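Everything on this sheet refers to the single structure shown next.
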Amino acid sequence: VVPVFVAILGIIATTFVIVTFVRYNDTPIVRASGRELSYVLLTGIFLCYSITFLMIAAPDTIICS
Amino acid sequence: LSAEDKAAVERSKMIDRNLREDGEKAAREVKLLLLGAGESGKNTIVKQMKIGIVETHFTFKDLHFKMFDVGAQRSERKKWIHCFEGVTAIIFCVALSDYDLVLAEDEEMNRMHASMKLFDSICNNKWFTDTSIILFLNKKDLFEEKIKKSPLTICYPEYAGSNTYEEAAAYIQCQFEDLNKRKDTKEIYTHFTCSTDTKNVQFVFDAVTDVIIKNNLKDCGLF
Numbered sequence: 585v586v587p588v589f590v591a592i593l594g595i596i597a598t599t600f601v602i603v604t605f606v607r608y609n610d611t612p613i614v615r616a617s618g619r620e621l622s623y624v625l626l627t628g629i630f631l632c633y634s635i636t637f638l639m640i641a642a643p644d645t646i647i648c649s
Numbered sequence: 005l006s007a008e009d010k011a012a013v014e015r016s017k018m019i020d021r022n023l024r025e026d027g028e029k030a031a032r033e034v035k036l037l038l039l040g041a042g043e044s045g046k047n048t049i050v051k052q053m054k055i183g184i185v186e187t188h189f190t191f192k193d194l195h196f197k198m199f200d201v202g203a204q205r206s207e208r209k210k211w212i213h214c215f216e217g218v219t220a221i222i223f224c225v226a227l228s229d230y231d232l233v234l235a236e237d238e239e240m241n242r243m244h245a246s247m248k249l250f251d252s253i254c255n256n257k258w259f260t261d262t263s264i265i266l267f268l269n270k271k272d273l274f275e276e277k278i279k280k281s282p283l284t285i286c287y288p289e290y291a292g293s294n295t296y297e298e299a300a301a302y303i304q305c306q307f308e309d310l311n312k313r314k315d316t317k318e319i320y321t322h323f324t325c326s327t328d329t330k331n332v333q334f335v336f337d338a339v340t341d342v343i344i345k346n347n348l349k350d351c352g353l354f
C-alpha cells in the first residue's frame, strides 16, 4: 500500500508539471529549457511509478517480460 | 558518352569541389558594415581595428573580420543598400563633439541632428530588422573640455540637468537608444571611444560573439 500512494502522488505531480509546460509553451523560461527533450525526460520520470505497479503485480509470462 | 564528354564531366567535378571549399572558407568570417559621418572619426577607428568600397581584413583571437566601408559612395543608398542584408553587424560613429556645429553649408542644421536622422533611417530600415548595432560615441575628450564653456541647451532645448560629463554624455546616449522602435528583435551596444583607446577591438569582439551565440540559440528554438 505505501509504494502505491507514493507512486500515485508522483504521477499527479509529474502530470501537473507536464500540463503547465504545455499551457505555457511560448514563454522564455519554458523555451530556454529544451522543450522537445524536456518532454522525453518527463516521460522517463513518469515510467518509474508504473514500474512500481508492475513489480507489485502477480508473476506471469507477460509480467516477467 | 564519348571520352571528351567524360573529360568535361571530370573538369566540372573539379570545379564543383573547388567552389564548395571556397564557400566553406568564406562562411566562417565576420562581415561588418562601417557607417558614419565623414568627420565622425571613422579613420582613427579603422586604424585601431587593424594592427568605391574599401575592405580591411583583420583577425582577433582566432577569428576573422572583413569590415567593409562605403563612405566614398555619393549616390542613392536605396539602390545598393540591400547588398548588405546578411552582414553580421553594423558599426556606427557619432562624434559627440558636434552638438555645437553646422554642416552641409545649410547654416541652420546641428551636425548631431543629422547624425540622429541617419541613425533613425538605418536602424528602422526594411533590410535591417534583426541586425545589431555597435554605436561608438567618440571624440569624448573634446566634449569634456568643451562642455564647460557651452551647455547642452544649444543642441537640446529641454535638458533639465547639470553641465557635467557624467550627465550630458548619458543624455546624448539615451537619445540615440530611444530612436529604436524594434527593441524586441535587435539591440544596441554603446561604447565611448577616444584617442589611444586601444580597447575597441575587444569590445567589438565581445559584441559580435554575443550576436553569434544569440543567433545560433534562436535558430535552435532554444532562446
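So the sequences go chain by chain: R and A.
Residue 641 in the entry's author numbering sits at position 57 of the first sequence, and the numbers go up by one each step.
Mind the numbering: the second sequence is residues 5 to 55, 183 to 354 in the entry's author numbering, read in order.
Cβ coordinates follow ideal geometry from the N, Cα and C atoms, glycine included.
Grouping DSSP H, G and I as helix and E and B as strand, with all else coil, what is residue 302(A)?
Along the second sequence, one-based indexing puts residue 302(A) at 171. Residue state, collapsed to three classes: helix.
DSSP three-state label for residue 30(A), please.
Numbered from its first residue, the second sequence carries residue 30(A) at position 26. Helix, per DSSP.
Taking 8 Å as the threshold (beta carbon to beta carbon), is residue 616(R) in contact with chain A?
In the first sequence, counting from the first residue as 1, residue 616(R) sits at position 32. For residue 616(R), the answer is yes, since a Cβ of chain A falls inside 8 Å of its Cβ.
Give, in chain order, every unbroken run of the alpha helix (DSSP H) that is at least 4 residues long and sits entirely within the region 184–250 of chain A.
Those alpha helix (DSSP H) runs which fall completely within the region 184–250 of chain A and span 4+ residues are 208–211.
Would you mind stating whether residue 630(R) and residue 591(R) have Cβ atoms separated by less than 8 Å?
Counting from 1 along the first sequence, the entry for residue 630(R) is found at position 46. Counting from 1 along the first sequence, the entry for residue 591(R) is found at position 7. No. Outside cutoff.
Pull up the CB-CB distance for residue 332(A) and residue 267(A), whole angstroms please, since I reckon it's below 8 Å.
Position 201 of the second sequence holds residue 332(A). Position 136 of the second sequence holds residue 267(A). So it is not a contact: roughly 12 Å between Cβ atoms.
Going by DSSP, what residues sit across from residue 321(A) in a beta bridge?
Position 190 of the second sequence, counting from 1, holds the residue named residue 321(A). For residue 321(A), which the question treats as bridged, DSSP gives the partners 266(A).
Of all the options 235(A), 205(A), 323(A), 199(A), which has the alpha carbon lying nearest to the alpha carbon of residue 300(A)?
As a first step, residue 300(A) must be located in the second sequence, where it is residue number 169. Minimum Cα distance to residue 300(A) is reached at 323(A).
With the cut-off set at 8 Å, would you say residue 221(A) and residue 253(A) are in Cβ contact?
Translated into positions along the second sequence, residue 221(A) becomes position 90. Translated into positions along the second sequence, residue 253(A) becomes position 122. In contact: residue 221(A) and residue 253(A) (Cβ atoms closer than 8 Å).
Going along the chain, which residues of the region 332–353 of chain A sit with their C-beta nearer than 8 Å to a C-beta in chain R?
If the cut-off is 8 Å between Cβ atoms, the region 332–353 of chain A has 352, 353 near chain R.
Considering just the uninterrupted stretch of the alpha helix (DSSP H) at residue 353(A), what are its terminal residues?
Indexing the second sequence from 1 puts residue 353(A) at position 222. Run containing residue 353(A): none; DSSP gives neither H nor E here.
For residue 45(A), which three-state DSSP category applies?
The sequence position of residue 45(A) within the second sequence is 41, counting from 1. Reduced to three states, the DSSP call for residue 45(A) is coil.
Sorted by chain position, which residues of the same chain lie with C-beta nearer than 8 Å to residue 25(A)'s C-beta, five sequence neighbours on each side aside?
Position 21 of the second sequence holds residue 25(A). For residue 25(A), where only same-chain residues beyond five positions count, there are no Cβ hits under 8 Å.
Between the Cα of residue 193(A) and the Cα atoms of 336(A), 203(A), 292(A), 354(A), which residue gives the shortest distance?
Start at 1 with the first residue of the second sequence, and residue 193(A) comes out as number 62. That would be 336(A), whose Cα lies nearest to the Cα of residue 193(A).
With C-beta atoms as the reference, is residue 260(A) less than 8 Å away from residue 313(A)?
On the second sequence, residue 260(A) is found 129 positions in, with the first residue counted as 1. On the second sequence, residue 313(A) is found 182 positions in, with the first residue counted as 1. Taking 8 Å as the Cβ cut-off, residue 260(A) and residue 313(A) qualify as a contacting pair.
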